[PDB]
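Text of run_35.pdb, listed as PDB, N, CA and C atoms:
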```
ATOM      1  N   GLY Z   1     -22.201   6.432 -12.257
ATOM      2  CA  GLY Z   1     -20.883   6.165 -11.714
ATOM      3  C   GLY Z   1     -19.798   6.966 -12.405
ATOM      4  N   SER Z   2     -18.673   7.151 -11.721
ATOM      5  CA  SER Z   2     -17.557   7.909 -12.275
ATOM      6  C   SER Z   2     -16.227   7.240 -11.939
ATOM      7  N   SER Z   3     -15.491   6.849 -12.974
ATOM      8  CA  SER Z   3     -14.202   6.193 -12.789
ATOM      9  C   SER Z   3     -13.077   7.026 -13.399
ATOM     10  N   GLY Z   4     -11.972   7.142 -12.669
ATOM     11  CA  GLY Z   4     -10.840   7.911 -13.152
ATOM     12  C   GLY Z   4      -9.567   7.616 -12.385
ATOM     13  N   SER Z   5      -9.615   7.799 -11.069
ATOM     14  CA  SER Z   5      -8.455   7.554 -10.220
ATOM     15  C   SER Z   5      -7.713   6.297 -10.663
ATOM     16  N   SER Z   6      -8.451   5.199 -10.797
ATOM     17  CA  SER Z   6      -7.864   3.930 -11.211
ATOM     18  C   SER Z   6      -6.891   4.132 -12.368
ATOM     19  N   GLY Z   7      -5.599   4.055 -12.068
ATOM     20  CA  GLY Z   7      -4.586   4.232 -13.094
ATOM     21  C   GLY Z   7      -3.178   4.108 -12.547
ATOM     22  N   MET Z   8      -2.941   4.711 -11.387
ATOM     23  CA  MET Z   8      -1.625   4.666 -10.758
ATOM     24  C   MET Z   8      -0.980   3.296 -10.946
ATOM     25  N   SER Z   9       0.171   3.276 -11.610
ATOM     26  CA  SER Z   9       0.887   2.031 -11.861
ATOM     27  C   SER Z   9       1.969   1.805 -10.810
ATOM     28  N   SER Z  10       1.805   0.750 -10.017
ATOM     29  CA  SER Z  10       2.764   0.424  -8.970
ATOM     30  C   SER Z  10       4.112   0.033  -9.569
ATOM     31  N   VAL Z  11       5.165   0.147  -8.767
ATOM     32  CA  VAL Z  11       6.510  -0.195  -9.216
ATOM     33  C   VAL Z  11       7.509  -0.117  -8.067
ATOM     34  N   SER Z  12       8.366  -1.128  -7.966
ATOM     35  CA  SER Z  12       9.371  -1.176  -6.910
ATOM     36  C   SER Z  12       9.962   0.207  -6.659
ATOM     37  N   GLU Z  13      10.130   0.976  -7.732
ATOM     38  CA  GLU Z  13      10.686   2.320  -7.629
ATOM     39  C   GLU Z  13       9.835   3.192  -6.711
ATOM     40  N   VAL Z  14      10.394   4.324  -6.293
ATOM     41  CA  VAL Z  14       9.687   5.247  -5.414
ATOM     42  C   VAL Z  14       8.768   4.498  -4.456
ATOM     43  N   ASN Z  15       9.274   3.405  -3.891
ATOM     44  CA  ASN Z  15       8.497   2.600  -2.956
ATOM     45  C   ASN Z  15       9.377   2.088  -1.819
ATOM     46  N   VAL Z  16       8.767   1.869  -0.659
ATOM     47  CA  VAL Z  16       9.493   1.377   0.506
ATOM     48  C   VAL Z  16       8.787   0.177   1.128
ATOM     49  N   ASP Z  17       9.566  -0.715   1.728
ATOM     50  CA  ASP Z  17       9.016  -1.907   2.363
ATOM     51  C   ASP Z  17       8.221  -1.539   3.612
ATOM     52  N   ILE Z  18       7.014  -2.084   3.721
ATOM     53  CA  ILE Z  18       6.154  -1.812   4.866
ATOM     54  C   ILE Z  18       6.962  -1.754   6.158
ATOM     55  N   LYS Z  19       7.984  -2.597   6.249
ATOM     56  CA  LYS Z  19       8.838  -2.641   7.430
ATOM     57  C   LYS Z  19       9.455  -1.273   7.706
ATOM     58  N   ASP Z  20      10.030  -0.669   6.673
ATOM     59  CA  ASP Z  20      10.655   0.643   6.804
ATOM     60  C   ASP Z  20       9.621   1.700   7.181
ATOM     61  N   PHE Z  21       8.444   1.614   6.570
ATOM     62  CA  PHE Z  21       7.371   2.564   6.840
ATOM     63  C   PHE Z  21       6.972   2.530   8.313
ATOM     64  N   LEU Z  22       7.053   1.348   8.913
ATOM     65  CA  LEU Z  22       6.699   1.179  10.318
ATOM     66  C   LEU Z  22       7.867   1.557  11.224
ATOM     67  N   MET Z  23       9.040   1.009  10.926
ATOM     68  CA  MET Z  23      10.237   1.293  11.711
ATOM     69  C   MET Z  23      10.502   2.794  11.776
ATOM     70  N   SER Z  24      10.032   3.517  10.764
ATOM     71  CA  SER Z  24      10.223   4.962  10.704
ATOM     72  C   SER Z  24       9.437   5.659  11.811
ATOM     73  N   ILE Z  25       8.348   5.031  12.241
ATOM     74  CA  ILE Z  25       7.510   5.590  13.295
ATOM     75  C   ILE Z  25       7.562   4.729  14.553
ATOM     76  N   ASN Z  26       8.337   3.650  14.494
ATOM     77  CA  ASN Z  26       8.475   2.745  15.629
ATOM     78  C   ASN Z  26       7.205   1.923  15.825
ATOM     79  N   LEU Z  27       6.534   1.606  14.722
ATOM     80  CA  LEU Z  27       5.305   0.823  14.772
ATOM     81  C   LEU Z  27       5.493  -0.529  14.091
ATOM     82  N   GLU Z  28       6.744  -0.971  14.000
ATOM     83  CA  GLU Z  28       7.058  -2.250  13.373
ATOM     84  C   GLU Z  28       6.309  -3.390  14.058
ATOM     85  N   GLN Z  29       5.748  -3.103  15.228
ATOM     86  CA  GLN Z  29       5.006  -4.104  15.984
ATOM     87  C   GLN Z  29       3.842  -4.653  15.166
ATOM     88  N   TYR Z  30       3.406  -3.882  14.176
ATOM     89  CA  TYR Z  30       2.298  -4.290  13.321
ATOM     90  C   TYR Z  30       2.810  -4.886  12.013
ATOM     91  N   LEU Z  31       4.062  -5.331  12.024
ATOM     92  CA  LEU Z  31       4.673  -5.926  10.840
ATOM     93  C   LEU Z  31       4.015  -7.259  10.499
ATOM     94  N   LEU Z  32       3.853  -8.107  11.507
ATOM     95  CA  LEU Z  32       3.235  -9.415  11.315
ATOM     96  C   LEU Z  32       1.773  -9.272  10.903
ATOM     97  N   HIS Z  33       1.152  -8.174  11.321
ATOM     98  CA  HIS Z  33      -0.246  -7.916  10.993
ATOM     99  C   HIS Z  33      -0.399  -7.545   9.521
ATOM    100  N   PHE Z  34       0.380  -6.564   9.079
ATOM    101  CA  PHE Z  34       0.330  -6.115   7.692
ATOM    102  C   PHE Z  34       0.761  -7.229   6.742
ATOM    103  N   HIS Z  35       1.843  -7.915   7.098
ATOM    104  CA  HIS Z  35       2.360  -9.005   6.278
ATOM    105  C   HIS Z  35       1.292 -10.072   6.059
ATOM    106  N   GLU Z  36       0.800 -10.644   7.152
ATOM    107  CA  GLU Z  36      -0.225 -11.680   7.078
ATOM    108  C   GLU Z  36      -1.443 -11.185   6.304
ATOM    109  N   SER Z  37      -1.799  -9.922   6.516
ATOM    110  CA  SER Z  37      -2.948  -9.328   5.843
ATOM    111  C   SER Z  37      -2.734  -9.293   4.332
ATOM    112  N   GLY Z  38      -1.473  -9.194   3.922
ATOM    113  CA  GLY Z  38      -1.156  -9.153   2.506
ATOM    114  C   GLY Z  38      -0.612  -7.806   2.074
ATOM    115  N   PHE Z  39       0.146  -7.163   2.956
ATOM    116  CA  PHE Z  39       0.726  -5.858   2.660
ATOM    117  C   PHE Z  39       2.244  -5.890   2.813
ATOM    118  N   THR Z  40       2.946  -5.894   1.685
ATOM    119  CA  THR Z  40       4.404  -5.925   1.692
ATOM    120  C   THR Z  40       4.984  -4.515   1.690
ATOM    121  N   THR Z  41       4.492  -3.679   0.781
ATOM    122  CA  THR Z  41       4.961  -2.304   0.674
ATOM    123  C   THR Z  41       3.888  -1.320   1.123
ATOM    124  N   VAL Z  42       4.272  -0.054   1.262
ATOM    125  CA  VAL Z  42       3.341   0.985   1.683
ATOM    126  C   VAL Z  42       2.237   1.186   0.651
ATOM    127  N   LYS Z  43       2.609   1.135  -0.624
ATOM    128  CA  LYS Z  43       1.651   1.309  -1.709
ATOM    129  C   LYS Z  43       0.416   0.444  -1.487
ATOM    130  N   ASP Z  44       0.633  -0.852  -1.287
ATOM    131  CA  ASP Z  44      -0.463  -1.786  -1.061
ATOM    132  C   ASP Z  44      -1.441  -1.235  -0.026
ATOM    133  N   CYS Z  45      -0.972  -0.288   0.778
ATOM    134  CA  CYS Z  45      -1.804   0.318   1.810
ATOM    135  C   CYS Z  45      -2.667   1.433   1.227
ATOM    136  N   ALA Z  46      -2.793   1.445  -0.096
ATOM    137  CA  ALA Z  46      -3.591   2.458  -0.778
ATOM    138  C   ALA Z  46      -5.082   2.224  -0.555
ATOM    139  N   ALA Z  47      -5.455   0.964  -0.356
ATOM    140  CA  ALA Z  47      -6.850   0.607  -0.130
ATOM    141  C   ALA Z  47      -7.101   0.273   1.337
ATOM    142  N   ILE Z  48      -6.243   0.790   2.211
ATOM    143  CA  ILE Z  48      -6.373   0.545   3.642
ATOM    144  C   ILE Z  48      -6.964   1.757   4.355
ATOM    145  N   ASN Z  49      -7.756   1.499   5.391
ATOM    146  CA  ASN Z  49      -8.383   2.568   6.159
ATOM    147  C   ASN Z  49      -8.480   2.194   7.634
ATOM    148  N   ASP Z  50      -8.608   3.204   8.488
ATOM    149  CA  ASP Z  50      -8.713   2.981   9.925
ATOM    150  C   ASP Z  50      -9.494   1.705  10.222
ATOM    151  N   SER Z  51     -10.618   1.531   9.533
ATOM    152  CA  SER Z  51     -11.458   0.355   9.727
ATOM    153  C   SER Z  51     -10.642  -0.926   9.583
ATOM    154  N   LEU Z  52      -9.810  -0.977   8.548
ATOM    155  CA  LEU Z  52      -8.974  -2.145   8.295
ATOM    156  C   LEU Z  52      -7.902  -2.289   9.372
ATOM    157  N   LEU Z  53      -7.289  -1.170   9.742
ATOM    158  CA  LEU Z  53      -6.248  -1.170  10.764
ATOM    159  C   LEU Z  53      -6.746  -1.819  12.051
ATOM    160  N   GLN Z  54      -7.865  -1.319  12.565
ATOM    161  CA  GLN Z  54      -8.447  -1.852  13.791
ATOM    162  C   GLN Z  54      -8.994  -3.258  13.566
ATOM    163  N   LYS Z  55      -9.058  -3.669  12.304
ATOM    164  CA  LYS Z  55      -9.560  -4.992  11.954
ATOM    165  C   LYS Z  55      -8.439  -6.025  11.982
ATOM    166  N   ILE Z  56      -7.335  -5.711  11.313
ATOM    167  CA  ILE Z  56      -6.190  -6.611  11.264
ATOM    168  C   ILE Z  56      -5.790  -7.070  12.662
ATOM    169  N   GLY Z  57      -6.082  -6.238  13.658
ATOM    170  CA  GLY Z  57      -5.747  -6.576  15.029
ATOM    171  C   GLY Z  57      -5.440  -5.353  15.869
ATOM    172  N   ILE Z  58      -4.825  -4.351  15.250
ATOM    173  CA  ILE Z  58      -4.475  -3.121  15.950
ATOM    174  C   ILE Z  58      -5.515  -2.777  17.011
ATOM    175  N   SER Z  59      -5.187  -3.062  18.267
ATOM    176  CA  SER Z  59      -6.094  -2.784  19.376
ATOM    177  C   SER Z  59      -6.165  -1.288  19.658
ATOM    178  N   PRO Z  60      -5.008  -0.692  19.983
ATOM    179  CA  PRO Z  60      -4.910   0.740  20.281
ATOM    180  C   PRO Z  60      -5.123   1.606  19.045
ATOM    181  N   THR Z  61      -5.886   2.682  19.205
ATOM    182  CA  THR Z  61      -6.167   3.591  18.101
ATOM    183  C   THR Z  61      -5.056   4.622  17.942
ATOM    184  N   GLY Z  62      -4.648   5.223  19.056
ATOM    185  CA  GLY Z  62      -3.593   6.220  19.016
ATOM    186  C   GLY Z  62      -2.518   5.888  18.002
ATOM    187  N   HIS Z  63      -2.304   4.596  17.770
ATOM    188  CA  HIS Z  63      -1.296   4.148  16.817
ATOM    189  C   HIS Z  63      -1.842   4.177  15.393
ATOM    190  N   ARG Z  64      -3.091   3.748  15.234
ATOM    191  CA  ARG Z  64      -3.730   3.724  13.924
ATOM    192  C   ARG Z  64      -3.549   5.057  13.206
ATOM    193  N   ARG Z  65      -3.989   6.134  13.848
ATOM    194  CA  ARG Z  65      -3.877   7.468  13.270
ATOM    195  C   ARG Z  65      -2.448   7.743  12.811
ATOM    196  N   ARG Z  66      -1.486   7.449  13.680
ATOM    197  CA  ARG Z  66      -0.079   7.665  13.364
ATOM    198  C   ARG Z  66       0.320   6.902  12.104
ATOM    199  N   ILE Z  67      -0.219   5.698  11.954
ATOM    200  CA  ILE Z  67       0.080   4.867  10.793
ATOM    201  C   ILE Z  67      -0.505   5.468   9.521
ATOM    202  N   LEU Z  68      -1.806   5.736   9.544
ATOM    203  CA  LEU Z  68      -2.489   6.316   8.393
ATOM    204  C   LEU Z  68      -1.871   7.657   8.011
ATOM    205  N   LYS Z  69      -1.731   8.539   8.994
ATOM    206  CA  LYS Z  69      -1.152   9.857   8.762
ATOM    207  C   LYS Z  69       0.031   9.771   7.802
ATOM    208  N   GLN Z  70       1.038   8.990   8.179
ATOM    209  CA  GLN Z  70       2.225   8.822   7.351
ATOM    210  C   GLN Z  70       1.855   8.283   5.972
ATOM    211  N   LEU Z  71       1.096   7.194   5.953
ATOM    212  CA  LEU Z  71       0.671   6.579   4.700
ATOM    213  C   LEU Z  71       0.159   7.631   3.723
ATOM    214  N   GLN Z  72      -0.627   8.573   4.235
ATOM    215  CA  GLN Z  72      -1.182   9.638   3.407
ATOM    216  C   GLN Z  72      -0.071  10.485   2.794
ATOM    217  N   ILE Z  73       0.883  10.892   3.625
ATOM    218  CA  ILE Z  73       2.000  11.707   3.163
ATOM    219  C   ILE Z  73       2.864  10.942   2.166
ATOM    220  N   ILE Z  74       3.096   9.665   2.450
ATOM    221  CA  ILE Z  74       3.905   8.824   1.575
ATOM    222  C   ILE Z  74       3.188   8.555   0.256
ATOM    223  N   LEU Z  75       2.063   7.853   0.333
ATOM    224  CA  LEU Z  75       1.281   7.529  -0.855
ATOM    225  C   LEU Z  75       1.163   8.740  -1.776
ATOM    226  N   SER Z  76       0.780   9.876  -1.205
ATOM    227  CA  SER Z  76       0.627  11.105  -1.973
ATOM    228  C   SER Z  76       1.881  11.392  -2.794
ATOM    229  N   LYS Z  77       3.040  11.125  -2.204
ATOM    230  CA  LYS Z  77       4.313  11.353  -2.878
ATOM    231  C   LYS Z  77       4.497  10.376  -4.035
ATOM    232  N   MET Z  78       4.301   9.091  -3.757
ATOM    233  CA  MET Z  78       4.444   8.059  -4.776
ATOM    234  C   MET Z  78       3.899   8.540  -6.118
ATOM    235  N   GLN Z  79       4.786   9.068  -6.955
ATOM    236  CA  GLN Z  79       4.392   9.567  -8.268
ATOM    237  C   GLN Z  79       5.507   9.356  -9.288
ATOM    238  N   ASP Z  80       5.125   9.189 -10.549
ATOM    239  CA  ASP Z  80       6.093   8.979 -11.620
ATOM    240  C   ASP Z  80       6.297  10.257 -12.426
ATOM    241  N   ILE Z  81       6.386  11.384 -11.727
ATOM    242  CA  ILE Z  81       6.580  12.674 -12.379
ATOM    243  C   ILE Z  81       8.006  13.178 -12.183
ATOM    244  N   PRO Z  82       8.505  13.939 -13.169
ATOM    245  CA  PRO Z  82       9.858  14.501 -13.127
ATOM    246  C   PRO Z  82       9.999  15.597 -12.076
ATOM    247  N   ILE Z  83      11.234  15.859 -11.663
ATOM    248  CA  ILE Z  83      11.503  16.885 -10.663
ATOM    249  C   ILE Z  83      11.427  18.281 -11.274
ATOM    250  N   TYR Z  84      10.556  19.116 -10.720
ATOM    251  CA  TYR Z  84      10.386  20.479 -11.210
ATOM    252  C   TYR Z  84      10.356  21.473 -10.054
ATOM    253  N   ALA Z  85      11.460  22.191  -9.871
ATOM    254  CA  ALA Z  85      11.560  23.179  -8.804
ATOM    255  C   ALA Z  85      12.424  24.361  -9.228
ATOM    256  N   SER Z  86      11.802  25.527  -9.360
ATOM    257  CA  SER Z  86      12.514  26.733  -9.765
ATOM    258  C   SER Z  86      12.609  27.723  -8.608
ATOM    259  N   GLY Z  87      13.487  28.710  -8.753
ATOM    260  CA  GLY Z  87      13.659  29.708  -7.713
ATOM    261  C   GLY Z  87      12.874  30.975  -7.989
ATOM    262  N   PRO Z  88      13.306  32.089  -7.379
ATOM    263  CA  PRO Z  88      12.650  33.389  -7.548
ATOM    264  C   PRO Z  88      12.847  33.961  -8.947
ATOM    265  N   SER Z  89      11.777  33.967  -9.735
ATOM    266  CA  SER Z  89      11.833  34.484 -11.097
ATOM    267  C   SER Z  89      10.429  34.702 -11.655
ATOM    268  N   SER Z  90      10.218  35.859 -12.273
ATOM    269  CA  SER Z  90       8.919  36.192 -12.848
ATOM    270  C   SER Z  90       8.874  35.836 -14.330
ATOM    271  N   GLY Z  91       9.869  36.303 -15.076
ATOM    272  CA  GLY Z  91       9.924  36.024 -16.499
ATOM    273  C   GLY Z  91      11.333  36.106 -17.052
TER     274      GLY Z  91
END
```
Could the structure of this file be written out as structure tokens, please?
Amino acid sequence: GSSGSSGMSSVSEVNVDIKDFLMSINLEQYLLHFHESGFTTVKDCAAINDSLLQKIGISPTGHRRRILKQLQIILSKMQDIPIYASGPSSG
């Protein structure tokens, strides 16, 4: 076995309410689903997968993909690293 990923420390910071994550794509219709399931923020959706989406109730798939897609972009961002962006320069 190999363990490593396990480490990311959750925090209200750099985080958004599941509601906002859905309203951003107009999928707030799954608010009661995520809430009841036990998902308040997007982060909590770190252990979520299409399988779970279609499980919670999500009948239509076309929506599932749209939900996960964003989650991937968001979650990926969720980081506790400083801002580092430089312009055109060699040395």
* Written as a list in words, which residues does the PyMOL selection byres ((chain Z and resi 19-23) around 8) give for the file shown? -> residues 16, 17, 18, 24, 25, 26, 27, 28, 29, 30, 31, 39, 40, 41, 42, 67, 70 and 71 of chain Z
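Pairwise distance (atom C of residue 65 in chain Z, atom C of residue 51 in chain Z) equals 12.4 Å.
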* the PyMOL selection byres ((chain Z and resi 76-89) around 8) applied to the shown file, residues as a ChimeraX atom specification -> /Z:9,13-15,43,70-75,90-91
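The coordinates place atom C of residue 69 in chain Z at 18.4 Å from atom C of residue 55 in chain Z.
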* How would you write, as a PyMOL selection string, the set of residues in chain Z that DSSP gives as helix (DSSP H, G or I)? -> chain Z and resi 18-23+28-37+43-47+50-56+61-77
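The interatomic distance for the pair CA of residue 10 in chain Z and CA of residue 52 in chain Z works out to 21.0 Å.
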